[PDB]
Amino acid sequence: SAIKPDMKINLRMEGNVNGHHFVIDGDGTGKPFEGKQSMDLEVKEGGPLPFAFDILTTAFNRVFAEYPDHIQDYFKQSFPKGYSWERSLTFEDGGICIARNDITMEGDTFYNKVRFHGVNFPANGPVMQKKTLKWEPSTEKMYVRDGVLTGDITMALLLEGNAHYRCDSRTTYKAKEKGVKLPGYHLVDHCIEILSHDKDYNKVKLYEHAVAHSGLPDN
Amino acid sequence: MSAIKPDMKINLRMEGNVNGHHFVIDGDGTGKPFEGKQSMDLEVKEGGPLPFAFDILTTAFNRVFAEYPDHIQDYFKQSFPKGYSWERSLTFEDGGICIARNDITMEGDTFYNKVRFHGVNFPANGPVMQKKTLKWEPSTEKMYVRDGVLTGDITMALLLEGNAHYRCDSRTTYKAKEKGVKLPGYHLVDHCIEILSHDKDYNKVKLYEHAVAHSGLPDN
Amino acid sequence: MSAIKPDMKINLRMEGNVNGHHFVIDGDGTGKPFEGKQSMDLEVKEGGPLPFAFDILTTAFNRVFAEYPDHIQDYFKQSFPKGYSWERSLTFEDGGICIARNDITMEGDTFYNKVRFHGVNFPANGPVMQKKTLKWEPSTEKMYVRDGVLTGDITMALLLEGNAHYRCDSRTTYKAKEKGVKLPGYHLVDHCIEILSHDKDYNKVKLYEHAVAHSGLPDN
Amino acid sequence: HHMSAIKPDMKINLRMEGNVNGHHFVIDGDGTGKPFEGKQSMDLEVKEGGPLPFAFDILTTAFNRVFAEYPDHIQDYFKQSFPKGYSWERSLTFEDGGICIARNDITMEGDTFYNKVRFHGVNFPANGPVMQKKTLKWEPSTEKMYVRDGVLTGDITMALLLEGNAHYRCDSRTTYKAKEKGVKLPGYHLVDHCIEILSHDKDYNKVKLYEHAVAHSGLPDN
Ligand SMILES: O=S([O-])[O-]
Ligand SMILES: O=S([O-])[O-]
Ligand SMILES: O=S([O-])[O-]
């Protein structure tokens, strides 16, 4: 009842990768029921960012995800009060990130409080060298663990030069209100895209498409 | 003289050791390469009854059985008639680790599979030695090139009795026998594996699996 | 030239968040860098009482307090006057993951510590959220250079109630503030960290640590 | 609690079968050791699959924790498992995806320990240190011993020194199990080791291997 077909979103991410502090302001629109959202982002300090913007992109709301009827939608059922997610990103070269987002809503807008942190990215690695092109599309596996909805994902960044950079992520989602029903095992296909940006990535426009499904042969 | 025919046969021998238990499993079955479907009947010839869950073996009993669409290169069907081999490592969240290998070849309408499977470090209280597993959930394997070889990464979950999952992380490497097989670009493979039937000790099992490659969203 | 005195003060502020719970922890201590020893009294200024095992934070409260033999380069004694930073990941066997960083500087007789600590994904019924930890066991860190930076790898174990162990994989990267301080070759550190005393809610903690460097067998 | 019959100068017989990246091999070895001094060594000869297309170094830890100096205050699980013996299973995970599985069955007849080892390795990259044979030595390290899921378990983060002097990381988990009943389980401890190829021929077809291990309690107890 609370979510509408078209909603706004405000976002304030703050973080540190490799000792580098940054703030990023975001403002955007999207269709929760179509699994879509875009948003305009602007680094407000920390720019020029010394690292690849790509590592940030998954960390700027699953509520924007096309859920089919045979699958419980934890995220759209979390609102008004909202929900929180925490995430770790484990890169194949030792680079490790942790993140959190408190997602809230009032009126037509979703509010996202997001903290990002990253450690141990190697000097001549693709992240500090900015050799990343984009996230390749993948599929997140959703399941319950310790009484909590958990998502594991097998993720890859395309690099300059016809090779890929592995990332492995675990997310833990918690609805704020008591009583929200945990879903069964499902899978969530997603694509993420930087549609436009300036040369140093101080201002970027980002797009996310997400759809949930029960996998083969039901997808 | 096309190598891949619409209805083909599968001949399999697996020999292995998990936690120091030796075993031999012979397989016979069939499948439809272009539809990405296969089924086979397995018979434990040595080492029955198996002390561990049969489920840990079932990915190791052929990606030639995957429905590839036009716009994605099919390494597997292009690997024939000479064939290919794969190597896989399976890392479970409780420390059990398996490695396996299959050299697969082809004569006429039949694929031959010479498979080896080794496991160690499964705890006695774990869902594997307790034979507490139910099925592999559906999952998506990521295909991409690493050091000039086709590589596949997958995070799979084994559903357990009692409404719980058991995580396995798997990496496989596929190498065509013949020189000059064109490697595919990055893509996804969806799959499902289902034990369709089994006798009480799992000495005789009917297995079925379906694989479909694709390019992820938006495209389907 | 190092300007490390044989008795030094230690001043520290830690700020952070584990599983959404934000805490601030102030420390005051002293140490003897040349025999590898330091102890500090902590008190949590924000976030008391902490909902999680205090022992996970304990690693994060300076390898100058390590005993280095003459035959091994002491990167940490040599990073001063200017100081140094370290970054560190802590991956626990049940999916809990922490990152931490410290910027260490020296003003006279006192080392100053800016520490941030963030922890994610601890399961509600794991040893951390239920406070079933007893101590870190004594272990050994592997120091070596990777990509131009002193790196320390170690697998640690936190003793649990009943004498079970909880396993933590840690990686730290240490960076001298000033350019062209020299790189040690492969060596080992031994460490022990012991919580000496604490009140009921671990809001006042008194922590001791001992660390010595060596080159391993047969030298030792 | 029980006379080991381990006599302070003992022999070692060993047969190994393996496969790494699809290459089959058999290595034999005869050796000697001093179990109470935690020192041992062996002459190995590659009997099949020679010359090996991979770094010999990956195999060297698979060729017995009986040869480890245990001080009185730490339970020695290995010498107490004799005369009957014991077995281990081990997984080796390298930072670039190389994964290995190894197991050994140790028995004792009279003066001689007998080892049946299996070793299998998978997914070593073509231009990695292993396949390109660019390893030099294992650095000294320290394994942590503790009971896990009821079984004596050894964890260790090792590193192979490589040509060009970078290191190549490997993470090992070993499980040890006595053949007979009644063997006491140690408390947590540490075991230092150092392994060294003493001498070898061009193709690593004949190799001389030595190791030294001593168990201890960490700090500041050592
Ligand atoms: O290039 S695709 O991700 O639109
Ligand atoms: O894999 S299907 O048959 O569940
Ligand atoms: O003599 S020892 O260093 O192998």
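Just so it is clear: chains get the letters A, B, ... in the order the sequence lines come, proteins before strands, and each one is counted from 1. FYI, side chains are in, hydrogens and waters are out, and symmetry mates aren't considered; it's all heavy atoms of this structure.
- Contacts of D:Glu95 with chain C are made by side-chain atoms alone, with heavy-atom separations under 4.5 Å and no backbone atom involved.
- A centroid separation of 6.0 Å or more is found between the aromatic rings of C:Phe80 and C:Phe76.
- Residues meeting the salt bridge (charged side-chain N to carboxylate O under 4.0 Å, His left out) test with D:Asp221, sequence neighbours left out: none.
- When each of D:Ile156, D:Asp171, D:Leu190 is scored by its heavy-atom pairs under 4.5 Å with chain C, the top score falls to D:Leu190.
- Of the two parts of D:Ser141, the backbone and the side chain both hold a non-hydrogen atom closer than 4.5 Å to a non-hydrogen atom of chain C.
- A salt bridge links D:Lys11 with D:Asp111: the distance from a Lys NZ or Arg NE/NH1/NH2 to an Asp or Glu carboxylate oxygen falls below 4.0 Å.
- Partners of C:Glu178 by salt bridge (charged side-chain N to carboxylate O under 4.0 Å, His left out), not counting sequence neighbours: none found.
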